[PDB]
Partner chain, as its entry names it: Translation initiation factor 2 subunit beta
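Only one chain is given next, in C-alpha coordinates, and it is the form solved without the partner chain.
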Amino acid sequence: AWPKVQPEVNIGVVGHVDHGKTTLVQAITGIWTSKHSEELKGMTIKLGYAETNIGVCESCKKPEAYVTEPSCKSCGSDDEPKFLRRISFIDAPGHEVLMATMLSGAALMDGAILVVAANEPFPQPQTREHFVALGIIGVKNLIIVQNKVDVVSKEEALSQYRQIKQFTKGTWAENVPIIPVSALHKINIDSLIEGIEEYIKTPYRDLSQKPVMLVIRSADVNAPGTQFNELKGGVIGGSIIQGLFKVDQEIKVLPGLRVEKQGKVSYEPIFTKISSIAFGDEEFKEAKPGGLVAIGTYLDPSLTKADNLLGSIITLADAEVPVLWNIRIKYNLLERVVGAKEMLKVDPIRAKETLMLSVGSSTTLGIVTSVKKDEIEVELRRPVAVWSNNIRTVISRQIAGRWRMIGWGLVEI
(Lines give C-alpha, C1' and ligand atoms only; values in the text may rest on other atoms or scores of the structure.)
Protein backbone atom coordinates (compact mmCIF):
# COMPACT_ATOMS: atom_id res chain seq x y z
CA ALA A 1 0.00 0.00 0.00
CA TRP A 2 1.18 3.51 -0.83
CA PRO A 3 2.13 5.65 2.19
CA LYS A 4 -0.14 8.42 3.47
CA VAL A 5 1.85 11.66 3.14
CA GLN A 6 1.02 15.30 2.58
CA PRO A 7 1.32 16.77 -0.93
CA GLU A 8 4.82 18.15 -1.43
CA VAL A 9 4.24 20.56 -4.34
CA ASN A 10 1.47 22.90 -5.51
CA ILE A 11 0.86 23.06 -9.27
CA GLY A 12 -1.24 25.93 -10.53
CA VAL A 13 -3.63 25.47 -13.44
CA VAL A 14 -4.26 28.74 -15.29
CA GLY A 15 -5.50 29.93 -18.67
CA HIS A 16 -8.24 31.69 -20.62
CA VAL A 17 -11.91 31.16 -19.76
CA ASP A 18 -13.40 27.77 -20.72
CA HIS A 19 -10.09 26.44 -22.05
CA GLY A 20 -10.54 23.41 -19.78
CA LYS A 21 -8.63 23.98 -16.54
CA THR A 22 -11.11 22.22 -14.23
CA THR A 23 -11.51 19.32 -16.67
CA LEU A 24 -7.74 18.78 -16.81
CA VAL A 25 -7.54 18.61 -13.00
CA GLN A 26 -10.35 16.05 -13.17
CA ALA A 27 -8.41 14.09 -15.80
CA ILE A 28 -5.36 13.92 -13.53
CA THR A 29 -6.98 13.53 -10.11
CA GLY A 30 -10.45 12.14 -10.78
CA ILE A 31 -11.82 15.12 -8.81
CA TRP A 32 -14.19 17.72 -10.27
CA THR A 33 -13.38 20.79 -8.20
CA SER A 34 -16.14 23.24 -9.19
CA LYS A 35 -19.83 22.57 -8.64
CA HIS A 36 -20.56 23.40 -12.26
CA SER A 37 -24.26 22.76 -12.99
CA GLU A 38 -25.04 26.25 -11.71
CA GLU A 39 -23.03 28.51 -9.42
CA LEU A 40 -24.59 31.56 -7.75
CA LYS A 41 -27.27 33.22 -9.91
CA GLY A 42 -21.98 32.62 -15.23
CA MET A 43 -18.67 31.05 -14.22
CA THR A 44 -16.74 29.62 -11.28
CA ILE A 45 -15.30 32.28 -8.97
CA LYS A 46 -13.53 30.18 -6.30
CA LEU A 47 -10.16 28.48 -6.54
CA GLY A 48 -10.32 24.74 -7.13
CA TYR A 49 -8.15 22.27 -5.23
CA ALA A 50 -7.49 18.57 -5.73
CA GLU A 51 -4.70 16.12 -4.86
CA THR A 52 -3.32 12.92 -6.32
CA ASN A 53 -0.55 10.43 -5.67
CA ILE A 54 1.96 9.86 -8.47
CA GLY A 55 3.73 6.56 -9.12
CA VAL A 56 5.58 4.65 -11.82
CA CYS A 57 5.68 1.00 -12.87
CA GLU A 58 9.38 0.15 -12.99
CA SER A 59 9.72 -2.39 -15.82
CA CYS A 60 6.99 -0.88 -18.00
CA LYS A 61 6.90 1.32 -21.09
CA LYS A 62 6.95 5.06 -20.51
CA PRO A 63 5.00 7.30 -20.43
CA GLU A 64 2.29 4.70 -19.85
CA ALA A 65 4.18 3.45 -16.77
CA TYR A 66 3.27 6.62 -14.84
CA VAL A 67 0.14 6.11 -12.73
CA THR A 68 -2.05 8.04 -10.30
CA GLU A 69 -3.23 4.97 -8.35
CA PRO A 70 -1.35 1.99 -6.85
CA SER A 71 -1.82 -0.44 -9.74
CA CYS A 72 0.33 -1.66 -12.64
CA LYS A 73 -2.17 -4.00 -14.31
CA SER A 74 -2.44 -1.57 -17.23
CA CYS A 75 1.14 -2.38 -18.32
CA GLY A 76 1.25 -6.12 -17.63
CA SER A 77 3.07 -5.87 -14.29
CA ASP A 78 1.99 -7.77 -11.18
CA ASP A 79 3.99 -5.53 -8.82
CA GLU A 80 2.88 -2.39 -7.08
CA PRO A 81 4.06 0.86 -8.70
CA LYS A 82 6.83 2.84 -7.05
CA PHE A 83 5.37 5.76 -5.12
CA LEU A 84 7.01 8.97 -6.32
CA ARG A 85 5.26 11.85 -4.51
CA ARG A 86 1.87 13.34 -3.74
CA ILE A 87 0.99 16.53 -5.62
CA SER A 88 -1.77 19.13 -5.43
CA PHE A 89 -3.38 21.43 -7.99
CA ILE A 90 -4.56 25.01 -7.53
CA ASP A 91 -7.28 25.60 -10.13
CA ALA A 92 -7.66 29.28 -10.92
CA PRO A 93 -10.78 30.79 -12.54
CA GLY A 94 -10.34 32.07 -16.07
CA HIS A 95 -12.73 35.03 -16.24
CA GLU A 96 -11.02 38.40 -16.65
CA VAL A 97 -13.00 39.91 -13.76
CA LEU A 98 -11.39 37.36 -11.40
CA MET A 99 -7.70 38.23 -11.90
CA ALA A 100 -7.29 39.02 -8.19
CA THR A 101 -8.28 35.43 -7.40
CA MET A 102 -5.70 34.06 -9.85
CA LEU A 103 -3.00 36.26 -8.30
CA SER A 104 -4.09 35.08 -4.85
CA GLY A 105 -3.73 31.46 -5.94
CA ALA A 106 -0.44 32.17 -7.72
CA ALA A 107 1.14 32.94 -4.33
CA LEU A 108 0.60 29.26 -3.44
CA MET A 109 2.14 27.75 -6.59
CA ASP A 110 5.45 25.90 -6.84
CA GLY A 111 4.86 25.30 -10.56
CA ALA A 112 2.14 25.90 -13.10
CA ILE A 113 0.26 24.47 -16.07
CA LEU A 114 -0.92 26.99 -18.68
CA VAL A 115 -3.94 25.47 -20.43
CA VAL A 116 -4.27 26.57 -24.07
CA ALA A 117 -7.31 25.45 -26.05
CA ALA A 118 -6.32 24.00 -29.41
CA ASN A 119 -9.55 25.21 -31.09
CA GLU A 120 -9.05 28.89 -30.20
CA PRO A 121 -6.78 31.59 -31.68
CA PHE A 122 -3.57 31.89 -29.64
CA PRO A 123 -3.04 33.81 -27.53
CA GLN A 124 -6.34 34.76 -25.90
CA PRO A 125 -6.41 37.72 -23.47
CA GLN A 126 -6.19 35.73 -20.22
CA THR A 127 -3.77 33.29 -21.84
CA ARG A 128 -1.43 36.27 -22.15
CA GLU A 129 -2.33 37.82 -18.78
CA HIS A 130 -1.98 34.61 -16.76
CA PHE A 131 1.34 33.89 -18.48
CA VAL A 132 2.72 37.35 -17.66
CA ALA A 133 1.54 37.10 -14.05
CA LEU A 134 3.32 33.75 -13.70
CA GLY A 135 6.64 35.24 -14.80
CA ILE A 136 6.09 38.35 -12.67
CA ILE A 137 5.52 36.28 -9.52
CA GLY A 138 8.30 33.81 -10.37
CA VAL A 139 6.26 30.64 -11.06
CA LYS A 140 8.56 29.74 -13.93
CA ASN A 141 8.47 25.93 -13.61
CA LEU A 142 5.84 25.88 -16.34
CA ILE A 143 4.20 23.29 -18.58
CA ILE A 144 2.08 24.52 -21.49
CA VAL A 145 -0.74 22.04 -22.08
CA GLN A 146 -2.45 22.07 -25.48
CA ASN A 147 -5.95 20.99 -24.47
CA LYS A 148 -8.90 19.94 -26.67
CA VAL A 149 -6.70 18.39 -29.36
CA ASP A 150 -9.60 16.01 -30.03
CA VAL A 151 -11.46 18.92 -31.66
CA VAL A 152 -8.89 19.65 -34.38
CA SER A 153 -6.71 17.77 -36.84
CA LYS A 154 -3.08 16.95 -36.14
CA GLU A 155 -2.20 19.66 -38.68
CA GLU A 156 -4.10 22.46 -36.92
CA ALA A 157 -2.69 21.43 -33.53
CA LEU A 158 0.90 21.51 -34.81
CA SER A 159 0.21 24.88 -36.45
CA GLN A 160 -0.81 26.30 -33.07
CA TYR A 161 2.18 24.50 -31.52
CA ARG A 162 4.57 26.53 -33.68
CA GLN A 163 2.76 29.75 -32.73
CA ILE A 164 3.33 29.03 -29.04
CA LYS A 165 7.03 28.26 -29.51
CA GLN A 166 7.45 31.55 -31.38
CA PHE A 167 5.53 33.35 -28.63
CA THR A 168 7.84 31.91 -25.97
CA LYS A 169 11.00 32.36 -28.06
CA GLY A 170 13.11 35.15 -26.61
CA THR A 171 11.41 35.01 -23.18
CA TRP A 172 12.00 33.09 -19.96
CA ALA A 173 9.61 30.37 -21.18
CA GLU A 174 11.58 29.62 -24.36
CA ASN A 175 12.38 26.03 -23.31
CA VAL A 176 8.95 25.39 -21.75
CA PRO A 177 7.48 22.13 -23.10
CA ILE A 178 4.13 21.91 -24.87
CA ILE A 179 2.13 18.75 -24.19
CA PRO A 180 -1.10 18.07 -26.15
CA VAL A 181 -3.95 16.32 -24.35
CA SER A 182 -7.71 15.92 -24.37
CA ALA A 183 -8.77 16.57 -20.79
CA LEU A 184 -12.41 15.67 -21.46
CA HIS A 185 -11.71 12.32 -23.14
CA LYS A 186 -8.52 11.63 -21.13
CA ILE A 187 -6.09 11.27 -24.03
CA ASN A 188 -2.30 11.50 -23.54
CA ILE A 189 -2.61 12.28 -19.81
CA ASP A 190 0.30 9.89 -19.17
CA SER A 191 2.68 12.16 -21.10
CA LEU A 192 1.49 15.07 -18.95
CA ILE A 193 2.22 13.14 -15.74
CA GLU A 194 5.69 12.38 -17.11
CA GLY A 195 6.09 16.06 -17.96
CA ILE A 196 5.06 17.05 -14.44
CA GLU A 197 7.69 14.72 -12.96
CA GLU A 198 10.34 16.08 -15.35
CA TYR A 199 9.64 19.84 -15.35
CA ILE A 200 7.91 20.60 -12.04
CA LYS A 201 10.38 19.26 -9.48
CA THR A 202 9.58 19.56 -5.79
CA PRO A 203 11.48 22.68 -4.63
CA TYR A 204 14.14 22.76 -1.95
CA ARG A 205 12.46 23.61 1.36
CA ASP A 206 14.39 25.58 3.98
CA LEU A 207 12.58 24.07 6.96
CA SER A 208 14.50 26.30 9.40
CA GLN A 209 12.80 29.51 8.23
CA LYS A 210 10.24 31.30 10.36
CA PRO A 211 6.99 29.36 9.77
CA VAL A 212 4.51 31.31 7.63
CA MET A 213 1.16 30.14 6.25
CA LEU A 214 -0.88 32.11 3.70
CA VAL A 215 -4.56 31.82 4.62
CA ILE A 216 -7.26 30.93 2.09
CA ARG A 217 -10.80 31.68 3.23
CA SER A 218 -13.23 28.75 3.20
CA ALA A 219 -15.57 30.70 0.90
CA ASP A 220 -12.76 31.30 -1.63
CA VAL A 221 -11.82 27.67 -2.40
CA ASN A 222 -13.62 24.48 -3.43
CA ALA A 223 -11.71 21.54 -1.91
CA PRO A 224 -13.93 18.44 -2.09
CA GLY A 225 -11.23 16.17 -0.63
CA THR A 226 -10.70 18.29 2.50
CA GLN A 227 -13.26 18.69 5.27
CA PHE A 228 -13.57 21.01 8.28
CA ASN A 229 -13.88 18.83 11.37
CA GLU A 230 -14.54 21.56 13.93
CA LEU A 231 -15.41 19.74 17.15
CA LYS A 232 -12.33 21.22 18.84
CA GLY A 233 -12.88 24.59 17.19
CA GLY A 234 -12.64 26.57 14.01
CA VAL A 235 -10.38 25.37 11.21
CA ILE A 236 -8.27 27.75 9.12
CA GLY A 237 -7.16 26.70 5.65
CA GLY A 238 -4.28 27.82 3.50
CA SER A 239 -0.80 26.92 2.34
CA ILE A 240 2.54 26.98 4.15
CA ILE A 241 5.09 28.97 2.16
CA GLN A 242 8.06 28.52 4.51
CA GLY A 243 9.06 26.60 7.61
CA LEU A 244 6.80 24.05 9.25
CA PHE A 245 4.05 23.89 11.86
CA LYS A 246 3.35 21.20 14.44
CA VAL A 247 0.36 20.18 16.53
CA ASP A 248 0.22 21.94 19.95
CA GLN A 249 2.23 24.94 18.70
CA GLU A 250 1.00 28.36 19.81
CA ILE A 251 0.16 30.52 16.78
CA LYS A 252 -1.38 33.87 15.88
CA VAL A 253 -3.62 35.06 13.04
CA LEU A 254 -2.52 38.32 11.41
CA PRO A 255 -3.51 41.12 10.92
CA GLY A 256 -6.35 39.69 13.02
CA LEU A 257 -9.81 40.72 14.19
CA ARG A 258 -11.22 44.11 13.24
CA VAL A 259 -12.09 46.18 16.32
CA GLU A 260 -13.62 49.67 16.44
CA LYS A 261 -12.91 51.25 19.85
CA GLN A 262 -14.39 54.76 20.15
CA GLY A 263 -14.53 55.10 16.37
CA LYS A 264 -10.89 54.03 15.93
CA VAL A 265 -10.56 51.01 13.63
CA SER A 266 -7.72 48.63 14.52
CA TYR A 267 -6.91 44.95 13.98
CA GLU A 268 -6.08 42.79 17.01
CA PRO A 269 -4.01 39.62 16.46
CA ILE A 270 -5.84 36.43 17.45
CA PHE A 271 -3.84 33.85 19.41
CA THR A 272 -4.61 30.14 19.54
CA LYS A 273 -2.98 26.70 19.48
CA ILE A 274 -2.88 24.13 16.68
CA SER A 275 -5.33 21.43 17.77
CA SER A 276 -4.92 19.31 14.63
CA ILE A 277 -3.35 19.26 11.16
CA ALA A 278 -5.08 17.74 8.14
CA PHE A 279 -4.35 17.32 4.44
CA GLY A 280 -7.43 15.96 2.73
CA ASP A 281 -8.91 13.14 4.81
CA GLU A 282 -5.74 12.34 6.81
CA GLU A 283 -4.39 13.72 10.09
CA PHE A 284 -0.74 14.63 10.56
CA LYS A 285 1.52 15.79 13.38
CA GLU A 286 3.38 18.36 11.26
CA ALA A 287 2.70 20.43 8.16
CA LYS A 288 5.26 21.55 5.57
CA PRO A 289 5.00 23.58 2.33
CA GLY A 290 2.94 21.98 -0.40
CA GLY A 291 -0.78 21.29 -0.38
CA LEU A 292 -3.78 23.03 1.14
CA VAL A 293 -3.57 22.40 4.89
CA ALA A 294 -6.45 22.53 7.37
CA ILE A 295 -5.12 23.95 10.65
CA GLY A 296 -7.48 22.95 13.44
CA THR A 297 -7.63 25.51 16.25
CA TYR A 298 -9.48 25.91 19.55
CA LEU A 299 -11.16 29.14 18.40
CA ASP A 300 -14.93 29.40 18.21
CA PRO A 301 -16.04 28.79 14.60
CA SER A 302 -18.10 32.00 14.54
CA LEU A 303 -14.77 33.82 14.92
CA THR A 304 -12.75 31.96 12.27
CA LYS A 305 -15.53 32.38 9.69
CA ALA A 306 -16.33 36.01 10.54
CA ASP A 307 -15.93 38.62 7.82
CA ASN A 308 -14.39 40.92 10.45
CA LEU A 309 -11.48 38.46 10.81
CA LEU A 310 -8.76 39.79 8.51
CA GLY A 311 -6.92 36.49 8.57
CA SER A 312 -4.20 36.81 5.92
CA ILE A 313 -1.31 34.84 7.46
CA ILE A 314 -0.58 32.52 10.37
CA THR A 315 2.76 32.49 12.20
CA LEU A 316 4.12 31.27 15.50
CA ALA A 317 2.93 33.35 18.45
CA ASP A 318 6.29 34.96 19.25
CA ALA A 319 7.28 35.62 15.63
CA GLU A 320 8.03 39.26 14.76
CA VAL A 321 5.67 40.31 11.96
CA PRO A 322 4.94 43.98 11.22
CA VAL A 323 1.33 44.86 10.43
CA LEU A 324 1.55 48.03 8.34
CA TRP A 325 -1.12 50.58 7.39
CA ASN A 326 1.46 52.31 5.16
CA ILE A 327 3.97 50.58 2.87
CA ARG A 328 6.76 51.55 0.49
CA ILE A 329 7.08 49.56 -2.74
CA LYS A 330 10.00 49.42 -5.18
CA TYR A 331 7.80 48.99 -8.24
CA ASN A 332 8.11 48.22 -11.95
CA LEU A 333 5.38 48.89 -14.50
CA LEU A 334 4.46 46.72 -17.46
CA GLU A 335 4.64 48.14 -20.98
CA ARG A 336 1.01 47.42 -21.87
CA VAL A 337 -2.32 46.36 -20.38
CA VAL A 338 -1.99 42.64 -21.06
CA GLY A 339 -5.37 41.26 -19.98
CA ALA A 340 -7.52 43.48 -22.20
CA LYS A 341 -9.16 42.56 -25.49
CA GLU A 342 -7.05 45.36 -26.98
CA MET A 343 -3.60 45.94 -25.47
CA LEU A 344 -3.71 49.47 -24.08
CA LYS A 345 -0.60 51.34 -22.94
CA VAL A 346 -0.19 51.75 -19.18
CA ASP A 347 0.06 55.28 -17.81
CA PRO A 348 2.57 56.02 -15.04
CA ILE A 349 1.59 55.90 -11.38
CA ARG A 350 0.08 59.22 -10.29
CA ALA A 351 -0.45 60.45 -6.75
CA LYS A 352 -3.84 60.28 -4.99
CA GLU A 353 -5.03 57.43 -7.23
CA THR A 354 -6.41 54.14 -5.93
CA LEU A 355 -4.45 50.95 -6.65
CA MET A 356 -5.04 47.29 -5.86
CA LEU A 357 -2.17 45.45 -4.17
CA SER A 358 -1.87 41.65 -4.20
CA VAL A 359 0.35 40.59 -1.27
CA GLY A 360 0.61 36.91 -0.45
CA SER A 361 -2.94 35.59 -0.77
CA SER A 362 -4.68 38.89 0.10
CA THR A 363 -5.79 41.88 -1.98
CA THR A 364 -5.79 45.41 -0.57
CA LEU A 365 -6.77 48.80 -1.95
CA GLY A 366 -4.67 51.86 -1.17
CA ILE A 367 -4.00 55.50 -1.97
CA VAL A 368 -0.70 56.52 -3.54
CA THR A 369 0.77 59.19 -1.26
CA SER A 370 4.20 59.46 -2.92
CA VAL A 371 5.41 58.76 -6.47
CA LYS A 372 9.03 58.43 -7.54
CA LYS A 373 10.82 56.78 -10.47
CA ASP A 374 11.19 53.34 -8.87
CA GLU A 375 9.41 53.76 -5.51
CA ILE A 376 5.87 54.47 -4.34
CA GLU A 377 4.29 54.87 -0.91
CA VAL A 378 0.72 53.73 -0.31
CA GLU A 379 -1.88 54.51 2.35
CA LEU A 380 -3.66 51.18 2.75
CA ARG A 381 -7.39 50.92 3.37
CA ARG A 382 -6.62 47.85 5.52
CA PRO A 383 -3.28 46.76 6.97
CA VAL A 384 -1.11 44.00 5.52
CA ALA A 385 1.05 41.53 7.45
CA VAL A 386 4.65 41.61 6.21
CA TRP A 387 6.58 38.50 7.27
CA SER A 388 9.77 39.22 5.27
CA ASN A 389 11.62 41.93 3.35
CA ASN A 390 11.56 40.37 -0.14
CA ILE A 391 7.79 39.99 -0.55
CA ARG A 392 6.39 40.20 -4.07
CA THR A 393 3.38 42.40 -4.80
CA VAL A 394 1.29 42.76 -7.96
CA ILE A 395 -0.12 46.20 -8.77
CA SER A 396 -3.51 46.56 -10.45
CA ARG A 397 -5.42 49.60 -11.71
CA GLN A 398 -9.13 49.91 -12.47
CA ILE A 399 -9.60 50.48 -16.21
CA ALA A 400 -13.02 50.42 -17.92
CA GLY A 401 -14.58 49.16 -14.69
CA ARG A 402 -12.19 46.19 -14.56
CA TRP A 403 -9.08 45.87 -12.40
CA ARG A 404 -6.14 45.20 -14.73
CA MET A 405 -2.63 44.10 -13.82
CA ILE A 406 -0.26 46.97 -14.64
CA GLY A 407 2.90 46.35 -12.61
CA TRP A 408 4.68 44.64 -9.75
CA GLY A 409 7.20 45.38 -7.04
CA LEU A 410 8.72 44.52 -3.69
CA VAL A 411 7.31 45.56 -0.32
CA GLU A 412 10.11 47.40 1.48
CA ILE A 413 10.12 47.51 5.28
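Residue numbers count along the first chain shown, from 1.
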Looking at the entry, does 129 to 137 or 228 to 236 show the higher mean C-alpha B-factor?
228 to 236
On mean Cα temperature factor in this entry, is 213 to 221 or 261 to 269 the higher one?
261 to 269
From the list 45, 31, 359, 54, select the residue with the highest C-alpha B factor recorded in the entry.
45
Have a look at 27, 50, 67, 344 and flag the one whose Cα has the highest B-factor in the entry.
344
Relative to the other modelled residues in the chain, which third contains the C-alpha temperature factor of residue 245: lowest, middle or highest?
lowest
Could you say whether, by C-alpha temperature factor, residue 101 belongs to the lowest, middle or highest third of its chain?
lowest
Determine, from the deposited record, the chain-internal third of the Cα B-factor for residue 348: lowest, middle or highest.
highest
Where the record places residue 147 (Cα B-factor, split into thirds across the chain)
lowest
Using the B-factor values recorded in the entry, state whether the Cα atom of residue 63 falls in the lowest, middle or highest third among the modelled residues of its chain.
middle
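Just so you know, the form solved in complex with the partner chain exists too; it's not on screen, but the next bit is about it.
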Work out which of the listed stretches, 336 to 344, 318 to 326, 148 to 156, 285 to 293, brings a heavy atom within 4.5 angstroms of the partner chain in the bound PDB entry.
148 to 156
Although the partner isn't part of this model, could you tell me whether residue 351 comes within 4.5 Å of the partner chain in the bound PDB entry, counting any heavy atom of the residue?
no
Taking the shortest heavy atom distance, is residue 165 within 4.5 Å of the partner chain in the bound PDB entry?
yes
Is there any non-hydrogen atom of residue 171 lying within 4.5 Å of the partner chain in the bound PDB entry?
no
Residue 180: touches the partner chain in the bound PDB entry, heavy atom cutoff 4.5 angstroms:
yes
Only one of 266, 202, 191, 119 gets a heavy atom within 4.5 Å of the partner chain in the bound PDB entry. Which one?
191
